[PDB]
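>>> Following this: a sequence and the matching experimental structure.
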Amino acid sequence: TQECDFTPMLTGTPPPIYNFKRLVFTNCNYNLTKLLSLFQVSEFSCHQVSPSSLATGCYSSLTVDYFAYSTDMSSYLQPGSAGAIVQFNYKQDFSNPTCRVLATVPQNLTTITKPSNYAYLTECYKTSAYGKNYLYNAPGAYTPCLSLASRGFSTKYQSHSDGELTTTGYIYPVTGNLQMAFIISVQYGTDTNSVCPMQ
Amino acid sequence: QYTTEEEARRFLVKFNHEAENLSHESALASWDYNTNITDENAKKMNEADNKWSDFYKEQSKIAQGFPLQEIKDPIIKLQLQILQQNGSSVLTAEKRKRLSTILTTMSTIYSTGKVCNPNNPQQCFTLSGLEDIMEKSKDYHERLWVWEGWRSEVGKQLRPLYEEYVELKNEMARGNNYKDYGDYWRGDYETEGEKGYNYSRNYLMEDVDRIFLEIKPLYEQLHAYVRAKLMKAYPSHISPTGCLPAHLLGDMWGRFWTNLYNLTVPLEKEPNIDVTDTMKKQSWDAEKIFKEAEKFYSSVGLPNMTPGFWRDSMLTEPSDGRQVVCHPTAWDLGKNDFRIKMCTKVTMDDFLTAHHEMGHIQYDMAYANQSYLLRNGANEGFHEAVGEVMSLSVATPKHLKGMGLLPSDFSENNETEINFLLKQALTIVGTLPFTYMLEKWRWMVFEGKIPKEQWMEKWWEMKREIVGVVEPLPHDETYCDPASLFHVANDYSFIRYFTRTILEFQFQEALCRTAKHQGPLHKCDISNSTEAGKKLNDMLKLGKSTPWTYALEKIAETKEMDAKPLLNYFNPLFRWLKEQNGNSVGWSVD
Ligand SMILES: *[C@@H]1O[C@H](CO)[C@@H](O[C@@H]2O[C@H](CO)[C@@H](O)[C@H](O)[C@H]2NC(C)=O)[C@H](O)[C@H]1NC(C)=O
Ligand SMILES: *[C@@H]1O[C@H](CO)[C@@H](O[C@@H]2O[C@H](CO)[C@@H](O)[C@H](O)[C@H]2NC(C)=O)[C@H](O)[C@H]1NC(C)=O
Ligand SMILES: *[C@@H]1O[C@H](CO)[C@@H](O[C@@H]2O[C@H](CO)[C@@H](O)[C@H](O)[C@H]2NC(C)=O)[C@H](O)[C@H]1NC(C)=O
Ligand SMILES: *[C@@H]1O[C@H](CO)[C@@H](O[C@@H]2O[C@H](CO)[C@@H](O)[C@H](O)[C@H]2NC(C)=O)[C@H](O)[C@H]1NC(C)=O
Ligand SMILES: *[C@@H]1O[C@H](CO)[C@@H](O[C@@H]2O[C@H](CO)[C@@H](O)[C@H](O)[C@H]2NC(C)=O)[C@H](O)[C@H]1NC(C)=O
Ligand SMILES: *[C@@H]1O[C@H](CO)[C@@H](O[C@@H]2O[C@H](CO)[C@@H](O)[C@H](O)[C@H]2NC(C)=O)[C@H](O)[C@H]1NC(C)=O
Ligand SMILES: *[C@@H]1O[C@H](CO)[C@@H](O)[C@H](O)[C@H]1NC(C)=O
Ligand SMILES: *[C@@H]1O[C@H](CO)[C@@H](O)[C@H](O)[C@H]1NC(C)=O
Ligand SMILES: *[C@@H]1O[C@H](CO)[C@@H](O)[C@H](O)[C@H]1NC(C)=O
């Protein structure tokens, strides 16, 4: 029907992977080849769908999660790989069709603002007298250490605590252009599929 | 209010909250020095270690307000036993100053050692020159000068220092409710628990005596073979049924027999397996070696490395002007920070020291959710045994052929298996009577069963009854020949090299029968089997929170150490040596 706006995805600074931003769409008209031509797509790993069928079907809803993420560490977002990524930062949900795009945001796209460092969390737990009680993530949900991690990390392995909860960050600087990551999940409605391609 | 155990829980939570944040600073300040040696980086290391020591001493002073007989939980009791632990702070200030002066005077005397010839004295080698003279010399009169000169220019001075070090350490050990310093050293293997899982300090001596009397026949056959080859090497000097002279066994102390491999070789017409040329023709570098090691560890079910392992580790020697230390270590800095410092060169010997050094990181990644005090191996020998049980699986031709290094048409005849088992035995079984004899002599010295007039009458009697090694020159009661070893002058325990060779073939014989092996044990390969990784990780995850007999039951299904899996490894060699030697086995004590 109406045009969906990608200027939420095309302004400001893309946040780190633990504090990812969601872009739930409902009842509009998309053209994903307009979106994916602004970037340099280096990976299009999909699950239970093809990249051809992602831009042709009508859905009831459309969701996009985007964050700043270097393409070096592209072998940690892969489904099944218990690592300081899928345990503490972002675990992809697989009871739905999804695709994972990794971009290489160019110099001409000046509307994106480059951050200072990339960042992720190396542990998020709760202390005891017997050890550490790790708090693993949930599929598609935020980490429980998000209210602690939103104070800012300044050095590698700089912890933050309030009561029993503890987190630990890790930062490293940005070289070259910016690289992002787009997790594009769809959902099939039973009766009304009003998110159709733009014709 | 609360009872004593809840006060203990609150104190341990307050310790664990502040220890993690302060230990990583002291570890990162040392990592920034060991990979970049300047004078600006050797000051921050000392400041961070002083902050850590001033935290630890105050918490240990606080921790003595809890009587140990009121705790009912095992883990809180285990964490308060480590914390109370008075240590060397039981002497007076004068005794403490004198002990700290003796312990560095002995290391200073050992480290600066200089020996010149009784010939033309223009050559005066250091320690690293005399270690290289005795390693590759086939002369009876060179090694005799080097042996006698090192034991008369270093061990002659350490005797009036060792005679006071023994007494001061015994006075330090009779302040913490022990008997001698030997009891303080054998309290490393003491646990407590339910029926069957306990272990005392007075049982370790009986256990190592039982294991050595079980292991002695294979050593007698190996000693007879090495003596029959050395009789061909040096004529008219070695008796056909006597002991071996002390200055002919490979190196200065006779610890490893590895350098006798060019003398005591089997049927020599068999060039060995050297995949260095095939690795250089395929253009392998350090990153490819560590990626292949991570593929091997992921093949059995253990997790992958952190992303802060490929960005902070020093996997190659630098070229931007830094000065480094090139001894390979594996680091465990703190809050999920695992780094490896290693000067990797493209060879076959640095392909095994990557699978060894990543065997410590995979252990430190497994007990990482324990407390601060309980993040160690279950013993002092558990940590270097699990790293050596997985370097046995990658040097086999079952593994080097499936990786593409060896060609597919390789000939594994029995004359290549004997030539490999002998080179394994000359480093593994040739060093167990030496280790057991040295630790038994030190225990008898610290106990008081050897008075100071018999420190050399009992050293060379034990070295003839146990090791089977005679002296070339009569050493009277003014030398100190044990004190001319590195671990004796620098105050280290030596039984951790005996209780590590046993729990390595005990691990391998249990991991190979759960990976469904069919054949001899020396051709096994635990790759591509996720059933062996589960039995490994059920031991690795415990840390130090359980008694080590329970953690040994988790793999080997037996709560005692035994030398029956060691004699199952070397069984083709033990069948071949009995055919080669005949009935010349044994020695006469002369
Ligand atoms: C979707 O967006 C693209 C933006 O690039 C629109 O533009 C066309 O894209 C194709 C694909 O490369 C080109 O061959 C055309 O020349 C582009 N046309 C113009 C005017 O630039 C495309 O039209 C959009 N899709 C629909 C169905 O309108
Ligand atoms: C530390 O991690 C280990 C491994 O996850 C935990 O130990 C096991 O936890 C499971 C819970 O799913 C239990 O069913 C097992 O019985 C536990 N095994 C042992 C040997 O304890 C352990 O709980 C973690 N530490 C803390 C304090 O939770
Ligand atoms: C090795 O250590 C030296 C210490 O002298 C480091 O030199 C310092 O580096 C920091 C940040 O790079 C500067 O702020 C200091 O001014 C430097 N000090 C001096 C005296 O030059 C050096 O950077 C270290 N090497 C590496 C690769 O980090
Ligand atoms: C560690 O040493 C301290 C002394 O520094 C011991 O504390 C003493 O304990 C006795 C109880 O038998 C008290 O009568 C003393 O007053 C204590 N002295 C001080 C200075 O507090 C402590 O018992 C020792 N602990 C162990 C395990 O040896
Ligand atoms: C574990 O503890 C038990 C104590 O319950 C030890 O058993 C005793 O061993 C001594 C040996 O000097 C005997 O004199 C006692 O009669 C034994 N007690 C009982 C009740 O049988 C046992 O030796 C310990 N195990 C280890 C390996 O140290
Ligand atoms: C472990 O198992 C894997 C898979 O079963 C082996 O990998 C294959 O090895 C064959 C060699 O005959 C190659 O042709 C294949 O291309 C390999 N597949 C992959 C996905 O790499 C591996 O060689 C086995 N390793 C050992 C030591 O047995
Ligand atoms: C920006 O785009 C124009 C054409 O669209 C191209 O000519 C120019 O080189 C681009 N700038 C950069 C920095 O790549
Ligand atoms: C043993 O022989 C090899 C090859 O013949 C040689 O490189 C090595 O130096 C020899 N070592 C000793 C101790 O003789
Ligand atoms: C072991 O090697 C010898 C070579 O001396 C050979 O004669 C013998 O047949 C081999 N053993 C077996 C079981 O083939």
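Structure received. Residues are numbered from 1 along each chain as shown, chains lettered A, B, ... in the order given. Ligands and ions are numbered 1, 2, ... in the order given.
>>> and the longest strand that chain A contains, what does it pack onto?
In terms of residue count, the longest strand belonging to chain A (DSSP state E) is strand A:117-127. When contacts are defined as 3 or more Cβ pairs under 8 Å, 6 or more residues apart in numbering or on different chains; DSSP states H and E, strand A:117-127 sits against strand A:132-134, strand A:165-173, helix B:4-34. Yep, even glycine has a C-beta here, placed from its N, CA and C like the rest.
>>> Pull out the buried positions in the following helix or strand past the second one.
It stands for strand A:165-173. Helices and strands here follow DSSP states H and E; after strand A:165-173, the next one along the chain is strand A:180-187. Buried residues in strand A:180-187, counting neighbours by 16 or more other Cβ atoms under 10 Å in any protein chain shown, are found at A:180-186.
>>> which residues in chain B form strands?
B:115-116, B:124-125, B:244-245, B:329-334, B:337-341, B:469-470.
>>> Do any residues in the fourth one lie close to chain A?
Yes. Judged by Cβ under 8 Å from any Cβ of the partner chain, strand B:329-334 and chain A are in contact via residue B:334.
>>> which non-adjacent residue is nearest the residue most central in space within chain B?
Chain B has residue B:497 as the residue nearest its centroid, 4.5 Å off, counting by Cα atoms, centre = their mean. Nearest residue to residue B:497 in three dimensions, chain neighbours excluded: residue B:435, at 5.1 Å (Cβ to Cβ, 6 or more residues apart in numbering or on different chains).
>>> go on, residue A:48?
residue A:97 (4.8 Å).
>>> likewise residue B:540?
Closest residue to residue B:540 in three dimensions, ignoring its sequence neighbours and counting by Cβ to Cβ, 6+ apart: residue B:366, at 3.8 Å.
>>> Look up how far residue A:89 lies from the one you found.
With the distance defined as Cβ to Cβ, to the nearest Å, residue B:366 ends up 22 Å from residue A:89.
>>> And those two? Which one has more around it.
Higher neighbour count among residue B:366 and residue A:89: residue A:89, with 26 against 20, using other Cβ atoms under 10 Å in any protein chain shown.
>>> What angle do strand B:329-334 and the longest strand of chain A make with each other?
When axes from the mean of the first three to the mean of the last three Cα atoms, to 10 degrees is applied, the directions of strand A:117-127 and strand B:329-334 differ by 70 degrees.
>>> circling back to that earlier point, hmm, the residue nearest to residue B:540 is touching residue B:533, no?
No. Contact criterion Cβ atoms under 8 Å: residue B:366 and residue B:533 do not qualify, at 11.0 Å.
>>> Now residue A:110: which helix or strand?
Going by DSSP H and E, residue A:110 is not part of any helix or strand.
>>> burial of it, as a residue count?
7.
>>> ditto for residue B:235
8.
>>> Can you tell me how far it is from ligand 1?
Distance of residue B:235 to ligand 1, computed by Cβ to the nearest ligand atom, to the nearest Å: 90 Å.
>>> quick revisit: now render the buried residues of strand A:180-187 as JSON lines, adding distance to residue A:8.
As requested, the buried residues of strand A:180-187 are arranged in JSON lines below (distance: Cβ to Cβ, whole Å):
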{"residue": "A:180", "distance to residue A:8": "13"}
{"residue": "A:181", "distance to residue A:8": "16"}
{"residue": "A:182", "distance to residue A:8": "13"}
{"residue": "A:183", "distance to residue A:8": "15"}
{"residue": "A:184", "distance to residue A:8": "14"}
{"residue": "A:185", "distance to residue A:8": "17"}
{"residue": "A:186", "distance to residue A:8": "18"}
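>>> Show me which of those is closest to ligand 2.
Using Cβ to the nearest ligand atom, residue A:183 is the member of these that sits closest to ligand 2, with 27.9 Å.
>>> Now the residue lying closest to that closest one once chain neighbours are set aside. Its backbone dihedrals?
Distances taken as Cβ to Cβ, 6+ apart place residue A:65 nearest to residue A:183, at 4.4 Å, with adjacent residues excluded. Residue A:65 has phi and psi values of phi -110, psi 130 when expressed as degrees, to the nearest 10.
>>> residues touching residue A:65, list them.
Taking Cβ atoms under 8 Å, 6 or more residues apart in numbering or on different chains as the criterion, residue A:65 is in contact with A:20-23, A:90, A:182-183, A:185.
>>> quick revisit: can the strands of chain B go into JSON lines with extra columns for mean neighbour count?
Listed next are the strands of chain B as JSON lines, based on neighbours: other Cβ atoms under 10 Å in any protein chain shown:
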{"stretch": "strand B:115-116", "mean neighbour count": "18"}
{"stretch": "strand B:124-125", "mean neighbour count": "14"}
{"stretch": "strand B:244-245", "mean neighbour count": "22"}
{"stretch": "strand B:329-334", "mean neighbour count": "19"}
{"stretch": "strand B:337-341", "mean neighbour count": "21"}
{"stretch": "strand B:469-470", "mean neighbour count": "20"}
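>>> The residue of the stretch 451-590 of chain B found nearest ligand 3: how many residues sit nearby?
Across the stretch 451-590 of chain B, the shortest distance to ligand 3 (Cβ to the nearest ligand atom) belongs to residue B:490, at 29.0 Å. Residue B:490 has 13 neighbouring residues, counting by other Cβ under 10 Å.
>>> wait, residue B:255 sits on residue B:433?
No. Counting by Cβ under 8 Å, no contact exists between residue B:255 and residue B:433, whose distance comes to 10.7 Å.
>>> Counting neighbours, go ahead and name the busier of these two.
Neighbours per residue (other Cβ under 10 Å) separate residue B:255 from residue B:433, with residue B:433 holding more: 22 against 19.
>>> What distance do you get for the more buried one to residue B:470?
Distance of residue B:433 to residue B:470, computed by Cβ to Cβ: 14 Å.
>>> How about residue A:89?
Look at residue A:89 and residue B:470: by Cβ to Cβ, they are 66 Å apart.
>>> Name all residues that make contact with the residue of chain A positioned farthest from its centre.
Largest separation from the mean C-alpha position in chain A: residue A:129, at 35.0 Å (Cα atoms, centre = their mean). Residue A:129 makes contact with B:8-9, B:12-13, B:16, B:75-76, B:371, according to Cβ under 8 Å, 6+ apart.
>>> Kindly format the C-alpha coordinates of stretch B:319-327 as PDB.
What follows is stretch B:319-327 as a C-alpha-only set of coordinates in PDB (Å, rounded to 0.1, in the frame of the first residue of the first chain):
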ATOM      1  CA  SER B 319      59.600  -7.500  13.600                       C
ATOM      2  CA  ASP B 320      58.800  -3.900  14.800                       C
ATOM      3  CA  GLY B 321      61.700  -3.800  17.300                       C
ATOM      4  CA  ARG B 322      60.300  -5.400  20.400                       C
ATOM      5  CA  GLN B 323      62.200  -7.900  22.500                       C
ATOM      6  CA  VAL B 324      60.300 -10.900  23.600                       C
ATOM      7  CA  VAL B 325      60.700 -14.200  25.600                       C
ATOM      8  CA  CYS B 326      60.400 -17.200  23.300                       C
ATOM      9  CA  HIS B 327      59.300 -19.800  25.700                       C
END
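>>> Please report how far the nearest residue to residue A:130 once chain neighbours are set aside lies from residue B:575.
Nearest residue to residue A:130, sequence neighbours excluded (Cβ to Cβ, 6+ apart): residue B:75, at 5.7 Å. Look at residue B:75 and residue B:575: by Cβ to Cβ, they are 48 Å apart.
>>> For the spatially closest residue to residue A:149 that is not a sequence neighbour, list each beta-bridge partner.
In space, not counting the residues next to it along the chain, residue A:149 is nearest to residue A:167; the distance is 5.1 Å by Cβ to Cβ, 6+ apart. Beta-bridge pairing of residue A:167 under DSSP bridges involves residue A:124, residue A:160.
>>> which among the contacts of residue A:129 gets closest to residue B:106?
Taking Cβ to Cβ as the measure, residue B:106 lies nearest residue B:371 of the contacts of residue A:129, at 35.6 Å.
>>> How many neighbouring residues does the closest one have?
Neighbouring residues of residue B:371 were enumerated by other Cβ under 10 Å; the total is 27.
>>> How about it: what's its closest non-neighbour residue?
Nearest residue to residue B:371 in three dimensions, chain neighbours excluded: residue A:131, at 5.2 Å (Cβ to Cβ, 6+ apart).
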